[PDB]
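Novice: begin with these chain(s), straight out of the complex:
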Amino acid sequence: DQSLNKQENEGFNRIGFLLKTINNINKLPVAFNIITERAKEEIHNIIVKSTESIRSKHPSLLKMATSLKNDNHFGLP
């Protein structure tokens, strides 16, 4: 795409980020906006969000701690 202006797996990346991200007219603060929101709040948002989703999806954290499987039953199952 850089060489172009110097589902194709996955065309949504350069496509949506191109025609979205080039159609900004005062972009230069908004780049810092998506940066400074997305770093902390997105990284902790996803990394929280999946473990939440399993953490109530079929939890049952039963096999609560190890069920005392000694000791060094280190991820035995």
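Specialist: Yes, it's here. Numbers count the residues shown, from 1 in each chain, chains lettered A, B, ... in the order given.
Novice: going forward, measure contacts and count neighbours with C-alpha atoms only.
Specialist: Will do.
Novice: mind saving the C-alpha coords of stretch A:30-38 as CSV?
Specialist: Provided in CSV are the C-alpha atoms of stretch A:30-38 (Å, rounded to 0.1, in the frame of the first residue of the first chain):
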residue,chain,number,x,y,z
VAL,A,30,-6.6,12.4,17.0
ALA,A,31,-3.6,10.1,16.5
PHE,A,32,-2.5,11.0,20.0
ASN,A,33,-6.1,10.4,21.1
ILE,A,34,-6.3,6.8,19.9
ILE,A,35,-2.8,6.3,21.1
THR,A,36,-3.2,7.5,24.7
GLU,A,37,-6.6,6.0,25.1
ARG,A,38,-5.9,2.7,23.5
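Novice: flag every buried residue along that stretch.
Specialist: Across stretch A:30-38, burial judged by 16 or more other CA atoms under 10 Å covers no residue at all.
Novice: and that stretch, how far out from the chain middle?
Specialist: Relative to its chain's centre, stretch A:30-38 lies at 15 Å (CA atoms, centre = their mean, to the nearest Å).
Novice: could you also fit chain B onto it:
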Amino acid sequence: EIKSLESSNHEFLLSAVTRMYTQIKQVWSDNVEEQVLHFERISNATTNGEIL
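Specialist: Next up, chain B placed on what we already have:
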């Protein structure tokens, strides 16, 4: 004379439209270092540039 006159607005005062239109739609980069410019309340350095 059409190479002076039908040679269009160059006579380039649409660069003034680039000066106000790019004084507003490009105020998100120069003032991005200079939101507080002459002070440090919003903590920014007094630098925007005169280019164009």
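Novice: mind checking which helix or strand residue B:46 is in?
Specialist: Per DSSP states H and E: residue B:46 is located in neither a helix nor a strand.
Novice: ok, and the closest non-adjacent residue to it?
Specialist: residue B:37 (3.9 Å; CA to CA, 6 or more residues apart in numbering or on different chains).
Novice: dead centre of the chain: give me the residue that sits there.
Specialist: If you meant another chain, say so; for now it's chain A. The residue lying closest to the centre of chain A (CA atoms, centre = their mean) is residue A:46, at 4.6 Å.
Novice: you answered for a different chain; I wanted chain B.
Specialist: Geometric middle of chain B (CA atoms, centre = their mean) lands on residue B:23, at 3.7 Å.
Novice: which helix or strand contains the residue nearest to the centre of chain A?
Specialist: helix A:43-57.
Novice: what about residue B:19, how many neighbours?
Specialist: 15 (other CA atoms under 10 Å in any protein chain shown).
Novice: name all residues that make contact with it.
Specialist: Applying CA atoms under 8 Å, 6 or more residues apart in numbering or on different chains to residue B:19 gives the contacts residue B:52.
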